[PDB]
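Given next are the chains, with one letter for each unit.
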Amino acid sequence: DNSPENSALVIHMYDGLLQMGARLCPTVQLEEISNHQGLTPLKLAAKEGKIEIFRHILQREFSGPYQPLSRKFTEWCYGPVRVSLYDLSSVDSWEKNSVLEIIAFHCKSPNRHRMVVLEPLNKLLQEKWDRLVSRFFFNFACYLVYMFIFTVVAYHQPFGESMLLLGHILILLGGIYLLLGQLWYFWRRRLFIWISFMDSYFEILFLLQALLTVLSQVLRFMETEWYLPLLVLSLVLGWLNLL
Amino acid sequence: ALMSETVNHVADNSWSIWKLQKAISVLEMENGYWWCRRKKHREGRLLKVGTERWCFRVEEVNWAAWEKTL
Amino acid sequence: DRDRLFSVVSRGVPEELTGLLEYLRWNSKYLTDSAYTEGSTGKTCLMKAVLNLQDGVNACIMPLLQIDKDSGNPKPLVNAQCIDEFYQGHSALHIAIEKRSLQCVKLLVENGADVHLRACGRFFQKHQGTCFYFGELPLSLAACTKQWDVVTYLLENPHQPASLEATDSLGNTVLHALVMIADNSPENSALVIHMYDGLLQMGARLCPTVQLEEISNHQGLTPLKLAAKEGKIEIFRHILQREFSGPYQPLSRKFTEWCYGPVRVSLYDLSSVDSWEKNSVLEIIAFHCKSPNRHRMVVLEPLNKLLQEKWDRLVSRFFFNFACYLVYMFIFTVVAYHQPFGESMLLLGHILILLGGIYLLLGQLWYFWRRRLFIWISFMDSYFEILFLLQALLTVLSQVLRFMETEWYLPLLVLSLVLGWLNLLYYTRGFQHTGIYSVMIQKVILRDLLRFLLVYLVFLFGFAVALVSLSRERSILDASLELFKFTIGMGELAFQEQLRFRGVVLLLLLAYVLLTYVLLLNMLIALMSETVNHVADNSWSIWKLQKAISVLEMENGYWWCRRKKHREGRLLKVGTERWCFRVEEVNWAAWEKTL
């Protein structure tokens, strides 16, 4: 538990047991053994919310004969510039069910936001974000274009008839695509989504907007007089979801 | 009440939340679209020989630590 | 590659190798030279001989001690590693200096090492891998690494004495390199200050006829100006007010005396003077400074009182300009109002406004000509200079459009009038009580509000389009004024009677009103959250910087009359010959410290 004395006790005991296990049995990976839930001590520490032992395990280094039992290797290279190498068993979706996914999704503790700025994870996530900003902006531009087209079609709705039909069918395809994407997302993440909802409330607003759009578009074919209110509600919800 | 919530504790307790949101977003994006499963990136491979394991390399200029040793 | 076996051998017993190398060499001795081409991909054997790092002496009987015997190509001047190898551009002397091996440096310099050998290749690694810009000279590398003995041996070397005034490719000297590597940390600041003082004293001792600190690099900067421009403050402050007591007294900038009892009077040397001898410290701080620390360097000690005196000497011109602008605005307002003996007065007013507008436009163009594209340094503090230009341009364009008798004269004239009336707010630079809050609230507004109007306008347009699309079965898209009436107080929220889908319209209006109230609440709370109680002294500095910019602009004089440069606080006299600024202060703790 996150207390000054217990953290020191558990760190000391962990290091001593690891060293003695290396001495007595140098041919077994103690830290690679997994329990019934399919977790290692590092993953278990990440999931349970413990941060002190998690941080110590993440960046521990040994200097003497126990050097192989280390995760951070430090050297001085060229004068007063220190270069350090961190072992990567907390890698991203590759070899899935890793530390990053566990922190992001399966973590009930309110301390999950404090474990993403430790040292390896912060720079790794910064690099990943810098590598994928282009896709984010491309998706933003595509959504803006779709919203503009839908607004134009809604306004011009009473050669023109063909354009209106093309706009309506394009909106139908866009709505069903968004609905199917949200359903796929909710299929990937099971009822475990009950972990929290203060940070994933847009994923249901998008689903609601897509469902309303699809329902209005399919209701138009029956020529019901309730098409306009549902279409307008879908338009305003999609415009609000841009935030 | 909304003013009373501002206890001046979000100086670093709000930046962490933004970092977590960015992490969730990048995790969602790198998984790829449903109609096209994107190939997993090999990240910072740097296999090499550590004293054989993939590693992530970070450099920093430190003067106090350097001046500590002679 | 096995052929590189000759690169590394068992040191201490080079009998057969040396015997076969010098002379003879079967067919010809030139093969030995080729051994330096095939030794590695750019690294010679001497580099590895230094890098062995054995106990005590690194290479015991170093092969170089006999290599110079069979030398036909200058080997002590090793060709620095080329291409990209994360260690390119390093010579044997650089490697010896790095490992803090004074003995290796001595043996290399005894055999005729080439001092002043710029690191040819290191500037590749400066951008490829580890930057560590140290000065590209062995002396600079020794000084920046805190090795006093190596520097001492290199300078007063009987064989090859290093020159303290030597320069690298960029034009930097050892002092420039020390300034450049400095960063605002407690340890590095002390290290660089100590090294700077020691090097200055040793340069005075060895060469008392050269001004080391007066040497300028390619950019045309001195160590003081370089420190001011790069944003370093600790070394800048130390250089600005350093004093020496012993025989090194002339190498000082602050002279302190007690005068009459417990009142201490101090004289500061003035090489950071104003526009006189232009390209000085004040101009560099005011204009050419990308760092956000520029506002913290105007309250150090000489600069603060100098700027205070300059402002006190030029408040009259500021108020005269304010009065003239107010008179012009009043005349323009009167002419605009009275515009439909009277015809002559109206024509005189119109032509006077034309002259005023062209004068303001030409003044702004002159200002933008004096400050080139370098104005890209910042814009959070110089946004009035474009508003004035816009207002002058609009006024001139409207006045010239009047002569063609176009019917668009009135809107442009009214826009010019309102812009000129709004531009009057710039003159709140004085009146400290207003300005301290005004500068910081301006920064906050410019940073925050620019990301409100976009999203609010987007939501308003979306809701308006939805309402006009629903109500067609509010008649046009331009009828979005209802939402603005709602956000200002009006709106007439009521049933539409004839519209059958009245419930949907009511729900949309409710959603819009709650959304906009929530957004404005968010902005309010964010603006409050900005107030972290850190502007207690971080906002007064901004006001001082604005006053400094204003006085720099004013003292330059008008474009049509170049004002003569003021001789400032001359006080030439005799300092132990240099212009000085005198400041007095009553101190009791310092006086009571001595007896």
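In the PDB header, cryo-EM is given as the technique by which the entry was determined, and 3.12 Å as its resolution.

What the UniProt record of chain C gives under Subcellular location (unreviewed entry) is the line "Cell membrane". Per UniProt, chain C carries the Catalytic activity (unreviewed entry) text "Ca(2+)(in) = Ca(2+)(out)".

### Quick look at the overall build of chain A
Counting its regular elements, chain A contains 9 helices and 2 strands. For 243 residues, the compact-globule estimate of 2.2 N^0.38 gives 18 Å, and chain A exceeds it by more than 25% at 26 Å. Viewed in the frame of its principal axes, chain A has a C-alpha envelope of about 80 × 45 × 35 Å.

### Here's the deal with the UniProt feature "transmembrane region" (unreviewed entry) in chain C
Residue and element names in this part refer to chain C. Under the UniProt annotation, "transmembrane region" (unreviewed entry) lies at residues 318-337, 344-362, 374-396, 408-428, 449-470 and 499-520. Note that residues 318-337 is 100% helix and 0% strand, and that its end C-alpha atoms are spaced 29 Å apart. Regarding residues 449-470, the helix share stands at 82% and the strand share at 0%, and the terminal C-alpha atoms are separated by 32 Å.

### Some thoughts on the environment of A:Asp199
Structurally, A:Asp199 can be placed in the loop between helix 7 (160-188) and helix 8 (202-221). Judged by its relative accessible area of 26%, A:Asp199 falls in the partly exposed class. Not counting the four nearest positions on each side in its chain, A:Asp199 is found in contact with A:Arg112, B:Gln21 and B:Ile24. There is a polar contact of 3.2 Å between the side chain of A:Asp199 and the side chain of A:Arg112.

### Structural notes on the interface of chain B and chain A
Taken together, the contacts link 40 residues of chain B with 47 residues of chain A. Between chain B and chain A, roughly 4,600 Å² of surface is buried when both sides are summed, and carbon and sulfur atoms account for 63% of that area. Among the residues of chain B in contact with chain A, B:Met29, B:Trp34 and B:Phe56 are the three that bury the most area, contributing 16% of the side total. Inspection of the region where chain B meets chain A yields 3 salt bridges. Taken together, chain B and chain A are joined by 14 residue pairs in polar contact. Secondary structure elements with two or more residues in the side of chain B that touches chain A: helix 3 (15-30), strand 1 (55-61) and helix 4 (64-68) of chain B. Pairing between strand 2 (residues 81-87) of chain A and strand 1 of chain B: 7 bridges, direction antiparallel. Residue A:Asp87 lies in a different strand from strand 1 of chain B, and its bridge partner there is B:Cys55.

### Looking at the interface of chain B and chain C
On the chain C side, the residues contacting the 7 residues of chain B number 13 residues. Linking chain B with chain C are 0 salt bridges, by the criterion used here.

### Quick look at a nonpolar patch on the surface
Residues A:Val145, A:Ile149, A:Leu166, A:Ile169, A:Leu170, A:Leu173, A:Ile176, A:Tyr177, A:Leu180, B:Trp34 and B:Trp35 make up a contiguous nonpolar surface patch of roughly 1,000 Å² in combined accessible area. Every element with two or more residues in the nonpolar patch is listed here: helix 6 (133-156) and helix 7 of chain A. Element by element, the count of residues in the nonpolar patch is highest for helix 7 of chain A, at 7 residues. In this structure, B:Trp35 sits in the loop between helix 3 and strand 1.

### Details of the pattern of salt bridges
Under the defined criterion, the tally for this structure stands at 25 salt bridges over all chains. A salt bridge links A:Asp92 to A:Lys128; its shortest N-O distance comes to 3.8 Å. Taken as a pair, A:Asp92 in the loop between strand 2 and helix 4 (99-104) and A:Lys128 in helix 5 (residues 120-131) lie far apart in primary sequence, 36 residues in all. Just as A:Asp92 is buried, A:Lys128 falls in that class too. When the shortest N-O distance is used, the salt bridge between C:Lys69 and C:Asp68 registers 2.9 Å.

### Brief notes about the sheet that holds strand 1 (residues 72-75) of chain A
Spatial strand order, 1(A)-2(A)-1(B): 3 strands in an open sheet with antiparallel pairing. Looking at which strands have only one partner, the edges of the open sheet turn out to be strand 1 of chain A together with strand 1 of chain B. Taking the axes of each pair of neighbouring strands and ignoring which way they run, one obtains an average angle of 20 degrees across the sheet.

### What about the sheet that holds strand 2 (residues 263-269) of chain C?
Residue and element names in this part refer to chain C. The strand order across the open sheet built from 3 strands is 1-2-3, with neighbouring strands paired in antiparallel fashion. What marks the edges here is a single partner per strand, and that holds for strand 1 (254-257) and strand 3 (580-586). Here the average twist between neighbouring strands, direction ignored, is 20 degrees. Relative to strand 3, strand 2 runs antiparallel, the two being bridged by 7 bridges. Following the sheet pairing, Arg264 is matched in strand 3 by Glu585.

### Considering the packing of aromatic side chains
Residues and elements named next belong to chain C. A full pass over the atoms with the stated rule returns 33 aromatic pairs over all chains. Summarising the aromatic geometry, the rings of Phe384 and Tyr426 are spaced 5.5 Å apart at their centres and angled 55 degrees between planes, so their arrangement reads as tilted. With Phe384 in helix 18 (residues 384-403) and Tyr426 in the loop between helix 19 (409-422) and helix 20 (432-448), this pair connects stretches of sequence that are 42 residues apart. Judged on exposure class, the residue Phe384 and its partner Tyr426 are both buried.

### A few points about the state of the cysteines
Residues and elements named next belong to chain C. For the coordinates displayed, the defined rule picks out 0 disulfides over all chains. Between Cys207, a free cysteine, and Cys144, which holds the nearest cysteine sulfur, the sulfur-to-sulfur gap is 20 Å. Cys207 gets classed as partly exposed once you look at its relative accessible area, which sits at 36%. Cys289 takes part in no disulfide bond, and the closest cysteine sulfur, belonging to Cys131, lies 20 Å away. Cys289 gets classed as buried once you look at its relative accessible area, which sits at 2%.

Reading guide: rules and limits
- The numbering scheme counts residues from 1 along every chain following its written sequence, independent of the entry's numbering, with residues that lack coordinates not shown.
- Both sets of labels track the order of writing: A upward for chains, 1 upward for ligands.
- What appears here is a fragment of a larger assembly, so each number quoted concerns just the fragment shown.
- Hydrogens and water molecules were not included; the side-chain quantities draw on all heavy atoms of the structure.
- Residues with missing side-chain atoms are left out of burial classes, side-chain pairs and their counts.
- UniProt positions are given in the numbering used here, feature names are shortened, and annotations may be inferred rather than shown by experiment.
- Runs of E in the DSSP output that reach at least two residues are strands. Runs of H or I that reach at least four are helices, and both are numbered from the N terminus.
- The quantity called the radius of gyration is restricted to C-alpha atoms. Its globule counterpart is 2.2 Å times the number of residues to the power 0.38.
- To sort residues, take the accessible area from a 1.4 Å probe on protein chains only and compare it with the maximum for the residue type: under 20% means buried, over 50% means exposed, and anything in between is partly exposed.
- Contact criterion: two residues are considered in contact whenever any of their non-hydrogen atoms come within 4.5 Å of each other.
- Whenever two N or O atoms come within 3.5 Å, that pair is a polar contact, provided that in protein one can donate a hydrogen and the other can accept it, and provided that, for residues adjacent in sequence, both atoms are side-chain atoms.
- Accessible area, probed at 1.4 Å, shrinks when two parts are joined; the buried area is that loss added up over both.
- Salt bridges are defined as contacts in which a side-chain nitrogen from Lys or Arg sits within 4 Å of a carboxyl oxygen from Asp or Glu.
- At least two DSSP bridges between two strands are required for those strands to pair.
- What goes into a patch is any residue over 30% in relative accessible area without a salt bridge, connected to like charges within 9 Å or, for nonpolar side chains (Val, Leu, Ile, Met, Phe, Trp, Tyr), within 5 Å.
- Note on areas: these come from Shrake-Rupley sampling with a 1.4 Å probe, and a residue is covered only by the protein chains present in the view.
- Each axis is a line fitted through C-alpha atoms, taken for helices only over the stretch in contact, and angles between the N-to-C directions span 0 to 180 degrees.
- Note on aromatic pairs: the rings of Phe, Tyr and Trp (six-membered ring only in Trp) are paired at centre separations within 6.5 Å, and the planes decide the class, stacked below 30 degrees, edge-to-face beyond 60, tilted for the rest.
- Here, the term disulfide refers to a pair of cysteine sulfur atoms separated by no more than 2.5 Å.

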